[PDB]
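Visitor: Take a look at the following structure, please.
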Amino acid sequence: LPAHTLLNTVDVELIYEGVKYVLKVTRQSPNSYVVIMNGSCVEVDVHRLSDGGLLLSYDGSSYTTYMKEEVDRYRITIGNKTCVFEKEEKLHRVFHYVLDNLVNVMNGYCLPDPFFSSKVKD
Amino acid sequence: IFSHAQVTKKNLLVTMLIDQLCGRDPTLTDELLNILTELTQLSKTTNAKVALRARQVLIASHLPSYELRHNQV
Amino acid sequence: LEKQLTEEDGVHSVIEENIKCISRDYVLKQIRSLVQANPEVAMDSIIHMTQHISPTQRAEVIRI
Amino acid sequence: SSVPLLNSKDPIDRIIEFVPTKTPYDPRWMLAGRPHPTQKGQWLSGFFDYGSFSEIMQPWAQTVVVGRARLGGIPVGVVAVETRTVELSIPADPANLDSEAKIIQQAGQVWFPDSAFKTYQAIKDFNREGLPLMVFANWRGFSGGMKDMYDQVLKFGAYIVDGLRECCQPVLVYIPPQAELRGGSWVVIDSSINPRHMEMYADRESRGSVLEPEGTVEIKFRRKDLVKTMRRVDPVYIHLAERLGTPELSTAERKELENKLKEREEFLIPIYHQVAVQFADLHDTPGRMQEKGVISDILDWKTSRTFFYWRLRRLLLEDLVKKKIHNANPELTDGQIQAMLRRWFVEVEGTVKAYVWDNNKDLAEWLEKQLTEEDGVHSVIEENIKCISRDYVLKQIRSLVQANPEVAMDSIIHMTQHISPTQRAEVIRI
Amino acid sequence: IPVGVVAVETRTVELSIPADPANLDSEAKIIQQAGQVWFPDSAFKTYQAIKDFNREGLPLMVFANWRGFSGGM
Amino acid sequence: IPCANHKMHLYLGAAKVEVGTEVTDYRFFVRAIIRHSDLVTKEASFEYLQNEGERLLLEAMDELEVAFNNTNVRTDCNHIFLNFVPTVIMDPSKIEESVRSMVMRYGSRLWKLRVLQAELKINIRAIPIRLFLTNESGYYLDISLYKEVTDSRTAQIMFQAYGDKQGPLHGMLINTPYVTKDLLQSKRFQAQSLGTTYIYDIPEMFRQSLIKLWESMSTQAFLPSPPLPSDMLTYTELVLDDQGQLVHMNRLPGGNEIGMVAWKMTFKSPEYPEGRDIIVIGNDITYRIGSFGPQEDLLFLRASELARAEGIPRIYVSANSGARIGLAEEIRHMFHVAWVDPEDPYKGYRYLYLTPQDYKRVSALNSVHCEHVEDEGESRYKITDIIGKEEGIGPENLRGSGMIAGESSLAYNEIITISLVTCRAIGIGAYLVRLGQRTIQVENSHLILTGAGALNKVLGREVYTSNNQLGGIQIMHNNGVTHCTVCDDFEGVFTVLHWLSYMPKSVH
Ligand SMILES: CC(=O)SCCNC(=O)CCNC(=O)[C@H](O)C(C)(C)COP(=O)(O)OP(=O)(O)OC[C@H]1O[C@@H](n2cnc3c(N)ncnc32)[C@H](O)[C@@H]1OP(=O)(O)O
């Protein structure tokens with residue numbers, strides 16, 4: 001198969017109460033996910049749960065999340081709440097951190113086109 | 001295949017790496033030279049960016065540093 | 001024939017009016033042959049034709 | 001109607017036993033075959049079902065062969081090419097006492113005016129019969145001598161194109177083994193003349209080019225280029241030339257070296273000429289054609305039949321449902337239709353099975369089921385076709401009145417005479 | 001008004017055929033062709049002319065003095 | 001041209017011309033100097049020469065890219081000069097090899113930047129030598145080595161070669177300027193040498209012919225007053241964009257990057273005093289002479305599609321040599337022969353193989369197929385198929401030919417098709433004419449399929465001596481392929497327009 005269908009990026013369009021949000025989702029690692037929403041990037045530490053849910057770390061606090069796909073709806077459960085969308089530092093930890101990030105870039109896990117090269121040079 | 005898919009971004013990072021490895025230090029050991037030799041033999045055009053810059057290093061680290069001439073003269 | 005075809009803004013070509021009448025009748029017969037062979041679209045066919053008609057024609061449609 | 005298929009006796013899972021050779025062969029020997037040369041019986045198979053090939057116009061234009069046959073029980077028309085020499089017998093005219101009978105020579109793999117006329121006539125007849133067409137091409141080109149240019153060969157060369165362009169059934173061109181299509185013969189049977197129906201295939205042991213090896217050698221490999229090749233291949237030439245260019249030796253030694261160089265340059269020519277011929281033949285290969293995209297696949301001779309069955313059948317079945325689509329929406333083109341069938345197929349089977357489209361057996365079975373099954377699964381393909389027909393009729397009525405509003409009042413009333421009371425309420429209220 | 005025209009020779013013509021240099025035993029020939037008569041080539045020409053004139057979009061005029069088709073061997 | 005790092009010196013020269021014709025020959029030149037002490041060769045002097053020359057060449061290519069892409073002057077033959085000041089002890093063959101590698105590794109870029117020539121001065125032991133390189137498309141480098149001979153009675157220096165391939169510079173003094181015409185006055189001669197006109201001479205004759213037409217039909221009819229030759233004609237060139245669609249462009253002549261040209265003409269004829277539109281198409285006999293490539297076929301196709309859409313006539317002026325052929329040139333140079341006996345080549349050869357050294361730098365381009373073999377203890381890449389990286393030399397020109405063949409077949413049955421034969425037409429270019437079915441031929445021209453040379457080779461003697469024995473007026477007009485004969489192209493064009501005098505302005 002050609003090497004442009006094995007992509008690491010997904011555009012997801014979710015409509016909430018009339019406002020359509022077009023988000024991009026890629027990865028910096030097997031477990032490190034990057035989400036572009038409203039033109040802003042956020043990194044999320046994601047681990048797969050055996051029950052189909054996901055264990056997320058987004059803003060320091062941890063979350064257990066589930067999704068249900070309907071005929072025309074996406075029901076996203078977080079904890080005990082639901083959101084329904086309509087379908088249309090010590091100088092030596094830094095070394096290991098940035099080295100792992102760059103090696104992930106070398107293995108094909110790279111940021112999206114509009115945000116790439118703004119963080120890698122640093 | 002997944003790694004080869006993002007070869008353009010890999011090329012950008014590789015250029016940034018080569019900029020800091022053999023920049024303001026006109027000297028090359030017998031290990032860097034082998035990597036650069038293999039890297040210049042990437043005849044496929046998508047990797048030309050990483051080959052071309054590598055050749056610059058292979059020719060760049062054989063020049064005077066302005067210190068010899070300045071001091072002697 | 002030259003006069004009837006090449007004359008415009010003049011005698012106005014009764015030949016042309018006859019041609020327009022034949023075209024009109026053909027379009028009518030074609031629409032009716034289309035739905036008579038395909039009644040299943042009749043409800044979809046009526047509604048669009050109620051969007052570009054006069055109020056008096058609408059009254060005639062409703063009453064008849 | 002469609003072409004009638006038989007539950008033939010000669011299978012489809014067999015191989016072709018007769019293999020074309022590089023020496024002369026009768027092209028019939030690769031359509032029907034021949035009895036065993038070493039036995040008294042034991043028919044050596046050919047491309048088609050045994051006893052099914054039937055000739056026409058045999059003694060006319062003997063350099064070309066045409067007929068009708070069956071492939072898997074599917075009727076086809078066939079066009080093949082003589083590689084043997086034939087002798088054309090012309091009689092004398094009794095109206096002229098100074099006239100004499102003549103025997104002209106006719107080499108195979110070559111078009112003549114009469115052979116091209118025959119090919120054209122056969123194409124037209126087979127097409128109007130409603131048959132698919134098989135073409136076994138081993139033409140080197142058209143005769144260019146005074147007689148043939150006088151005897152109008154360009155004319156029938158062009159009529160071949162005119163005939164093929166108007167075919168309404170599958171046309172499959174196959175370049176057999178030890179065969180080659182050159183230039184003037186390519187341009188008259190290329191698949192781009194009618195891509196909706198024409199397909200081309202090539203064996204591994206076949207050739208295609210815009211010219212043979214020798215004619216290209218004669219232009220690209222001149223004497224000076226053969227010499228420049230000698231400069232880096234021949235050790236003797238290399239020794240003598242490295243010595244002659246070695247400065248400050250002498251005059252007489254330079255003269256002797258130059259004479260020896262000229263002698264070797266004249267001596268080595270046949271061998272380097274053959275080298276040039278092989279370097280020419282190395283880019284007349286079918287892999288180059290597959291890579292460039294001028295043949296659909298590279299086939300083995302022996303298995304050929306089992307391919308051409310399932311392809312051909314598939315196309316026939318496609319041509320049925322596509323026709324129905326063309327009957328539903330006559331304004332749809334053919335790429336739209338192939339894409340539509342892709343869409344329908346993946347929708348009803350799923351995306352996991354989207355790879356089952358370039359698998360002619362399975363897809364032909366699926367199309368056969370969807371078209372030939374009634375009072376059963378009820379043909380979701382047929383429901384899709386009905387929906388397209390519905391939408392076409394609707395679009396047609398609306399395009400008709402949108403271009404002619406003057407009849408709108410006359411159009412509504414008749415459609416209020418054969419509608420329900422609830423539909424009448426919907427009409428009145430909306 | 002532009003028209004395409006087809007007419008018929010009543011004079012005798014002599015058809016000159018050359019020899020083929022590919023055959024050393026070949027000779028030039030002069031065949032006799034009487035007018036008011038179809039031959040294969042004359043009928044082919046008439047057909048070609050008809051098709052061309054029609055596809056030009058022209059009317060056609062035809063001045064017919066044909067006795068029939070040649071039936072000799 | 002200003003540039004950073006002011007040790008490189010880039011110039012753009014505009015050829016000097018009189019107060020009449022403007023300048024058409026523009027040329028980028030690069031002049032750089034190389035500063036270092038003399039080298040003491042201990043098998044370690046290649047590095048200085050190679051590295052300095054390559055660095056300057058890369059900087060020159062970058063500045064040339066910037067300057068060339070920032071302006072519009074249409075240079076043709078860019079040139080580079082590098083002066084190696086320090087002395088080096090090195091055999092000229094090693095210098096040839098080194099500069100060959102250094103140049104071939106960037107031949108692709110130098111081709112893209114229209115860099116065709118180079119001059120390298122090196123002091124040996126010191127005696128100066130001059131390397132004159134011609135770098136056409138990046139597969140072969142024509143290297144010419146010369147020494148400067150100062151053994152003269154005056155201050156004049158001479159170029160003297162090394163016996164092998166003296167070349168054009170033998171006896172050229174030391175210092176000669178350059179200038180050319182670069183287009184439009186060498187292609188005219190190139191065409192006139194073959195008996196046809198340069199393609200961009202088509203419209204003028206066209207206009208001129210119509211003037212004669214406005215005389216000719218005035219002895220039949222009580223015509224209106226004729227229009228002015230300025231108003232008698234107006235045309236727009238049809239060019240190809242990057243996608244394959246026609247752009248209606250107005251540009252100066254000579255700008256064709258392909259061997260085909262197309263015009264849409266509006267003119268006034270005695271039959272239609274206001275409005276008459278046609279499409280005209282022509283082959284450029286000067287560009288890789290004649291031969292049909294994929295882009296030529298594409299322009300043909302789109303032009304005919306336009307004419308069929310509008311419903312207007314199509315005219316085709318044919319001057320061609322058939323489909324384009326060729327061979328993978330790089331492979332044609334880098335290949336070796338495995339003899340049955342290396343000492344007696346007349347015993348036969350077993351195969352043609354590449355070495356790994358040169359295989360590894362081509363195969364990623366999809367130019368060749370080889371099989372690995374082990375023979376005589378050596379690892380070898382026996383060639384099986386040769387594909388070629390250059391587009392427009394292979395079977396793709398067959399695919400193209402049939403395509404346009406079909407178009408002609410269609411165009412005959414939808415619109416008026418006329419074809420004109422001026423110099424020659426071979427293969428497809430003959431069949432295309434016959435697919436138009438209204439064929440005009442010029443005297444001393446020929447429609448052929450096979451050449452006299454090839455036929456005589458298969459026959460074994462000099463049967464045919466000219467190709468007009470096969471496809472001339474004595475064959476093609478006496479058999480019914482050509483409708484009308486003419487002496488030149490102006491007569492052909494007047495005949496085309498006379499024929500259109502009988503025909504409607506459109507299919508509608
Ligand atoms: C249409 C088909 O499908 S088959 C037709 C395919 N092409 C052919 O058959 C080509 C026919 N042969 C010829 O080229 C004819 O001999 C001619 C007259 C057109 C050329 O012969 P010449 O008068 O000797 O010109 P010449 O061969 O020098 O052509 C100029 C150069 O262009 C090249 N060239 C010639 N013809 C062609 C061609 N058809 N396609 C591509 N390149 C060509 C040659 O390598 C030649 O090299 P040179 O200049 O270094 O000698």
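Letters for chains follow the order of the structure tokens (A, B, ...), residue numbers begin at 1 for each chain, and ligand numbers begin at 1 in the order shown.
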I need the contact residues of chain F against chain E, so if you could list those with any atom within 8 Å, counting only C-alpha atoms, and return them as a list in words, that would help.
Guide: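 Using only C-alpha atoms, chain F residues at most 8 Å from chain E: residues 412, 413, 414, 415, 416, 437, 463, 464, 480, 502, 503, 504 and 507 of chain F.
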Visitor: DSSP on the backbone: what in chain C comes out helix (DSSP H, G or I), as a PDB file with C-alpha atoms, in the first residue's frame?
Guide:
ATOM      1  CA  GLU C   2     -37.170  34.321 -45.857  1.00  0.00           C
ATOM      2  CA  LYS C   3     -39.501  37.051 -44.631  1.00  0.00           C
ATOM      3  CA  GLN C   4     -40.991  34.920 -41.867  1.00  0.00           C
ATOM      4  CA  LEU C   5     -37.592  33.771 -40.554  1.00  0.00           C
ATOM      5  CA  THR C   6     -35.382  36.833 -41.071  1.00  0.00           C
ATOM      6  CA  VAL C  14     -46.645  34.234 -36.752  1.00  0.00           C
ATOM      7  CA  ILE C  15     -44.505  31.241 -37.762  1.00  0.00           C
ATOM      8  CA  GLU C  16     -42.461  31.888 -34.613  1.00  0.00           C
ATOM      9  CA  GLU C  17     -45.599  32.104 -32.474  1.00  0.00           C
ATOM     10  CA  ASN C  18     -46.770  28.771 -33.879  1.00  0.00           C
ATOM     11  CA  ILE C  19     -43.337  27.313 -33.098  1.00  0.00           C
ATOM     12  CA  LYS C  20     -43.553  28.628 -29.534  1.00  0.00           C
ATOM     13  CA  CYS C  21     -46.994  27.065 -29.148  1.00  0.00           C
ATOM     14  CA  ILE C  22     -45.700  23.694 -30.349  1.00  0.00           C
ATOM     15  CA  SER C  23     -42.783  23.937 -27.917  1.00  0.00           C
ATOM     16  CA  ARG C  24     -45.197  24.802 -25.099  1.00  0.00           C
ATOM     17  CA  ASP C  25     -47.413  21.825 -25.895  1.00  0.00           C
ATOM     18  CA  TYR C  26     -44.388  19.539 -26.099  1.00  0.00           C
ATOM     19  CA  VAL C  27     -43.095  20.599 -22.684  1.00  0.00           C
ATOM     20  CA  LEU C  28     -46.569  20.110 -21.212  1.00  0.00           C
ATOM     21  CA  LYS C  29     -47.007  16.672 -22.780  1.00  0.00           C
ATOM     22  CA  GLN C  30     -43.525  15.734 -21.588  1.00  0.00           C
ATOM     23  CA  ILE C  31     -44.156  16.651 -17.953  1.00  0.00           C
ATOM     24  CA  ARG C  32     -47.468  14.816 -18.002  1.00  0.00           C
ATOM     25  CA  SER C  33     -46.018  11.730 -19.702  1.00  0.00           C
ATOM     26  CA  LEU C  34     -43.224  11.787 -17.131  1.00  0.00           C
ATOM     27  CA  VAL C  35     -45.428  11.763 -14.053  1.00  0.00           C
ATOM     28  CA  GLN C  36     -48.122   9.540 -15.584  1.00  0.00           C
ATOM     29  CA  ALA C  37     -45.396   6.912 -15.961  1.00  0.00           C
ATOM     30  CA  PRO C  39     -46.696   8.798 -10.077  1.00  0.00           C
ATOM     31  CA  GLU C  40     -44.354   8.282  -7.099  1.00  0.00           C
ATOM     32  CA  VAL C  41     -42.825  11.763  -7.589  1.00  0.00           C
ATOM     33  CA  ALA C  42     -46.139  13.613  -8.004  1.00  0.00           C
ATOM     34  CA  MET C  43     -46.104  14.989  -4.456  1.00  0.00           C
ATOM     35  CA  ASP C  44     -42.512  16.189  -4.942  1.00  0.00           C
ATOM     36  CA  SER C  45     -43.426  17.701  -8.316  1.00  0.00           C
ATOM     37  CA  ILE C  46     -46.346  19.863  -7.184  1.00  0.00           C
ATOM     38  CA  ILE C  47     -44.649  21.708  -4.332  1.00  0.00           C
ATOM     39  CA  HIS C  48     -41.808  23.297  -6.305  1.00  0.00           C
ATOM     40  CA  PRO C  55     -51.575  34.358  -5.785  1.00  0.00           C
ATOM     41  CA  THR C  56     -54.539  34.128  -8.161  1.00  0.00           C
ATOM     42  CA  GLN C  57     -53.045  31.034  -9.781  1.00  0.00           C
ATOM     43  CA  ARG C  58     -52.553  29.690  -6.248  1.00  0.00           C
ATOM     44  CA  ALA C  59     -56.251  30.271  -5.545  1.00  0.00           C
ATOM     45  CA  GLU C  60     -57.141  28.468  -8.776  1.00  0.00           C
ATOM     46  CA  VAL C  61     -54.882  25.580  -7.730  1.00  0.00           C
ATOM     47  CA  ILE C  62     -56.457  25.349  -4.274  1.00  0.00           C
ATOM     48  CA  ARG C  63     -60.082  25.667  -5.392  1.00  0.00           C
TER      49      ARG C  63
END
Visitor: Give one line per residue of chain B that approaches chain F to at most 9 Å, naming the two atoms of the closest pair and their distance in Å to one decimal, counting only C-alpha atoms; sort by chain then ascending residue number and deliver it as a Markdown table.
Guide:
| residue | atom | partner | partner_atom | distance |
| --- | --- | --- | --- | --- |
| B:41 | CA | F:361 | CA | 7.0 |
| B:42 | CA | F:361 | CA | 8.0 |
| B:43 | CA | F:361 | CA | 5.8 |
| B:44 | CA | F:364 | CA | 5.5 |
| B:45 | CA | F:365 | CA | 8.3 |
| B:56 | CA | F:55 | CA | 7.0 |
| B:58 | CA | F:51 | CA | 7.7 |
| B:59 | CA | F:51 | CA | 4.5 |
| B:60 | CA | F:51 | CA | 7.3 |
| B:62 | CA | F:48 | CA | 7.4 |
| B:63 | CA | F:48 | CA | 8.6 |
Visitor: Which of these residues is nearest to ligand 1, using only C-alpha atoms and all ligand atoms: F:222, F:351, F:263, F:431?
Guide: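 Smallest separation from ligand 1 among the options: F:431.
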Visitor: Counting only C-alpha atoms and all ligand atoms, name the residues that have an atom within 7 Å of an atom of ligand 1; the answer should be given as a list in words.
Guide: residues 182, 183, 184, 186, 187, 210, 211, 219 and 220 of chain D; 288, 289, 291, 321, 322, 323, 324, 325, 326, 398, 426, 427, 428, 429, 450 and 451 of chain F
Visitor: For the selection you just gave me, I'd like the residues written to a file as a short mmCIF file (atom, residue, chain, number, x, y, z; two decimals), in the first residue's frame, keeping N, CA and C atoms.
Guide:
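After the write, selection_28.cif holds the following:
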data_model
loop_
_atom_site.label_atom_id
_atom_site.label_comp_id
_atom_site.auth_asym_id
_atom_site.auth_seq_id
_atom_site.Cartn_x
_atom_site.Cartn_y
_atom_site.Cartn_z
N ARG D 182 5.62 -2.77 -33.24
CA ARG D 182 6.53 -1.68 -33.55
C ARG D 182 5.76 -0.52 -34.15
N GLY D 183 5.70 0.59 -33.44
CA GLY D 183 5.42 1.87 -34.05
C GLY D 183 4.11 1.98 -34.78
N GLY D 184 4.17 1.98 -36.11
CA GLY D 184 3.00 2.13 -36.96
C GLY D 184 1.88 1.15 -36.67
N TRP D 186 1.49 -0.10 -33.41
CA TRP D 186 0.98 0.32 -32.12
C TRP D 186 -0.12 1.36 -32.28
N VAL D 187 0.16 2.40 -33.06
CA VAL D 187 -0.67 3.59 -33.12
C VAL D 187 -2.06 3.33 -33.70
N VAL D 210 8.86 1.80 -30.38
CA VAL D 210 8.50 2.70 -31.41
C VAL D 210 9.43 2.41 -32.57
N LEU D 211 10.06 1.24 -32.59
CA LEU D 211 11.01 0.93 -33.63
C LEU D 211 11.78 -0.28 -33.22
N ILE D 219 20.80 4.87 -36.20
CA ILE D 219 20.67 6.31 -36.01
C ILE D 219 21.40 6.78 -34.76
N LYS D 220 21.23 6.03 -33.67
CA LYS D 220 21.83 6.36 -32.36
C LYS D 220 23.28 5.90 -32.18
N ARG F 288 13.99 19.20 -30.95
CA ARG F 288 14.16 17.75 -30.84
C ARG F 288 13.51 17.07 -32.03
N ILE F 289 14.09 17.32 -33.21
CA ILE F 289 13.36 17.73 -34.41
C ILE F 289 12.03 17.01 -34.56
N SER F 291 9.65 15.51 -33.29
CA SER F 291 9.09 14.39 -32.54
C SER F 291 7.95 14.72 -31.58
N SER F 321 8.95 14.11 -37.21
CA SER F 321 9.75 12.92 -37.46
C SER F 321 9.22 11.72 -36.69
N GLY F 322 7.94 11.75 -36.32
CA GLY F 322 7.30 10.63 -35.69
C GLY F 322 7.33 10.72 -34.18
N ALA F 323 7.14 9.57 -33.55
CA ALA F 323 7.24 9.49 -32.11
C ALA F 323 8.69 9.62 -31.67
N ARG F 324 8.88 10.10 -30.44
CA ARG F 324 10.21 10.28 -29.89
C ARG F 324 10.74 8.98 -29.31
N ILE F 325 11.98 8.65 -29.66
CA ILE F 325 12.67 7.48 -29.15
C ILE F 325 13.93 7.94 -28.42
N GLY F 326 14.58 6.99 -27.77
CA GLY F 326 15.83 7.27 -27.11
C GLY F 326 16.15 6.15 -26.15
N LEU F 398 3.58 6.20 -27.30
CA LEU F 398 2.58 5.39 -27.98
C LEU F 398 1.18 5.69 -27.45
N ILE F 426 5.92 11.26 -40.44
CA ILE F 426 6.36 9.88 -40.27
C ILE F 426 5.51 9.23 -39.19
N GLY F 427 5.06 8.02 -39.46
CA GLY F 427 4.31 7.27 -38.48
C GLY F 427 3.01 7.95 -38.14
N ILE F 428 2.85 8.28 -36.86
CA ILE F 428 1.65 8.94 -36.37
C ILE F 428 1.38 10.22 -37.14
N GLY F 429 2.43 11.00 -37.39
CA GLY F 429 2.27 12.25 -38.11
C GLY F 429 1.77 12.06 -39.52
N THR F 450 8.05 3.55 -42.98
CA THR F 450 9.35 2.92 -42.80
C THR F 450 10.34 3.65 -43.69
N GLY F 451 11.58 3.74 -43.22
CA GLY F 451 12.59 4.47 -43.94
C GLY F 451 13.24 3.64 -45.02
#
Visitor: Would you mind listing, as a list in words, all residues of chain D that have at least one atom within 10 Å of chain E, where only C-alpha atoms are what counts?
Guide: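 Taking only C-alpha atoms into account, residues 91, 92, 93, 94, 95, 96, 102, 104, 105, 145, 146, 147, 148, 150 and 151 of chain D sit within 10 Å of chain E.
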Visitor: Kindly save the residues from that selection, with N, CA and C atoms included, as a CSV table (one decimal), in the first residue's frame.
Guide:
chain,number,residue,atom,x,y,z
D,91,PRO,N,-3.6,-13.8,-61.5
D,91,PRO,CA,-3.7,-14.3,-62.8
D,91,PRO,C,-3.6,-13.3,-63.9
D,92,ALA,N,-3.6,-13.7,-65.2
D,92,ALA,CA,-3.5,-12.9,-66.3
D,92,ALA,C,-4.9,-12.5,-66.8
D,93,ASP,N,-5.0,-11.4,-67.5
D,93,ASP,CA,-6.3,-10.9,-68.0
D,93,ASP,C,-6.4,-11.4,-69.4
D,94,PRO,N,-7.4,-12.3,-69.8
D,94,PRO,CA,-7.5,-12.7,-71.2
D,94,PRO,C,-7.9,-11.5,-72.1
D,95,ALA,N,-8.3,-10.4,-71.6
D,95,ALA,CA,-8.5,-9.2,-72.4
D,95,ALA,C,-7.3,-8.6,-73.0
D,96,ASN,N,-6.1,-9.0,-72.4
D,96,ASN,CA,-4.8,-8.5,-72.9
D,96,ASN,C,-4.0,-9.8,-73.2
D,102,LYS,N,1.5,-13.9,-62.3
D,102,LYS,CA,2.6,-13.5,-61.5
D,102,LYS,C,2.5,-14.0,-60.1
D,104,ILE,N,3.9,-13.0,-56.4
D,104,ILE,CA,4.5,-11.9,-55.6
D,104,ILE,C,4.8,-12.5,-54.3
D,105,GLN,N,5.9,-12.0,-53.6
D,105,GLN,CA,6.3,-12.5,-52.3
D,105,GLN,C,5.7,-11.6,-51.2
D,145,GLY,N,7.5,0.1,-49.5
D,145,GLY,CA,8.0,0.0,-50.9
D,145,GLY,C,7.1,0.8,-51.9
D,146,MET,N,7.7,1.0,-53.0
D,146,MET,CA,7.0,1.7,-54.1
D,146,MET,C,5.6,1.2,-54.4
D,147,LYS,N,5.5,-0.2,-54.4
D,147,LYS,CA,4.3,-0.8,-54.8
D,147,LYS,C,3.2,-0.5,-53.8
D,148,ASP,N,3.5,-0.7,-52.5
D,148,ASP,CA,2.5,-0.5,-51.5
D,148,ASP,C,2.1,0.9,-51.2
D,150,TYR,N,2.2,3.0,-53.6
D,150,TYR,CA,1.3,3.2,-54.7
D,150,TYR,C,0.0,2.5,-54.5
D,151,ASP,N,0.0,1.3,-53.9
D,151,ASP,CA,-1.2,0.5,-53.8
D,151,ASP,C,-2.0,0.8,-52.5
Visitor: Mind checking which residues fall within 10 Å of residue 4 of chain B, counting only C-alpha atoms, ignoring those fewer than 5 positions away in the same chain, and posting them as number ranges by chain?
Guide: A: 3-4, 106-108; B: 10
Visitor: If I take atom CA of residue 67 of chain A and atom CA of residue 53 of chain A, how far is one from the other in Å, to one decimal?
Guide: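 Spanning atom CA of residue 67 of chain A to atom CA of residue 53 of chain A is a straight-line distance of 7.3 Å.
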Visitor: Show me, as a VMD selection string, the residues that have an atom within 12 Å of residue 44 of chain F when counting only C-alpha atoms, minus same-chain residues fewer than 6 positions from it.
Guide: chain F and resid 50 88 to 90
Visitor: Work out how far atom CA of residue 167 of chain D is from atom CA of residue 127 of chain D, in Å to one decimal.
Guide: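 Interatomic distance here is 5.9 Å.
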Visitor: Would you list which chain D residues are within 7 Å of chain C using only C-alpha atoms, as a list in words?
Guide: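 Residues satisfying the distance criterion: residues 393, 394, 397, 400, 407, 408, 410, 411, 412, 415, 423, 427 and 428 of chain D.
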Visitor: Please save N, CA, C and O atoms of the selected residues as a compact mmCIF listing (two decimals), in the first residue's frame.
Guide:
# COMPACT_ATOMS: atom_id res chain seq x y z
N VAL D 393 -35.93 11.47 -13.31
CA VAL D 393 -37.24 11.94 -13.77
C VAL D 393 -37.60 13.25 -13.09
O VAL D 393 -38.09 14.19 -13.72
N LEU D 394 -37.35 13.33 -11.78
CA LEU D 394 -37.63 14.55 -11.03
C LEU D 394 -36.83 15.73 -11.57
O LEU D 394 -37.39 16.79 -11.89
N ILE D 397 -38.21 16.86 -15.01
CA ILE D 397 -39.42 17.67 -14.97
C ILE D 397 -39.09 19.09 -14.51
O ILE D 397 -39.57 20.08 -15.08
N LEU D 400 -37.28 21.01 -17.06
CA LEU D 400 -38.17 21.33 -18.16
C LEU D 400 -38.97 22.58 -17.86
O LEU D 400 -39.03 23.50 -18.69
N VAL D 407 -45.72 26.94 -19.04
CA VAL D 407 -46.59 25.77 -18.98
C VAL D 407 -46.86 25.34 -17.55
O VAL D 407 -47.56 24.34 -17.33
N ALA D 408 -46.31 26.07 -16.57
CA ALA D 408 -46.40 25.64 -15.17
C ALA D 408 -47.84 25.45 -14.73
O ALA D 408 -48.19 24.41 -14.16
N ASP D 410 -50.39 24.76 -16.62
CA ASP D 410 -50.92 23.56 -17.26
C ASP D 410 -50.32 22.28 -16.69
O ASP D 410 -50.93 21.21 -16.81
N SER D 411 -49.14 22.38 -16.07
CA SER D 411 -48.46 21.20 -15.57
C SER D 411 -49.01 20.76 -14.22
O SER D 411 -49.08 19.55 -13.94
N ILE D 412 -49.41 21.71 -13.38
CA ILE D 412 -49.84 21.40 -12.03
C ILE D 412 -51.15 20.62 -12.05
O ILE D 412 -51.30 19.60 -11.36
N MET D 415 -51.47 16.90 -12.52
CA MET D 415 -50.89 16.17 -11.41
C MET D 415 -51.73 16.26 -10.14
O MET D 415 -51.36 15.65 -9.13
N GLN D 423 -52.16 13.94 0.18
CA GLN D 423 -51.21 14.66 -0.66
C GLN D 423 -51.83 15.94 -1.20
O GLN D 423 -51.14 16.96 -1.34
N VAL D 427 -50.42 19.66 -0.66
CA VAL D 427 -50.23 20.58 -1.78
C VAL D 427 -50.90 21.92 -1.48
O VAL D 427 -50.33 22.99 -1.75
N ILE D 428 -52.10 21.89 -0.90
CA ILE D 428 -52.85 23.12 -0.68
C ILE D 428 -52.22 23.92 0.46
O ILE D 428 -52.14 25.16 0.40
Visitor: Hey, what's within 12 Å of residue 48 of chain B if we count only C-alpha atoms and toss same-chain stuff fewer than 4 positions away? As a VMD selection string, please?
Guide: (chain B and resid 7 to 8 11 to 12 14 to 15 39 to 44 52 to 55) or (chain F and resid 105 to 106 108 to 109)
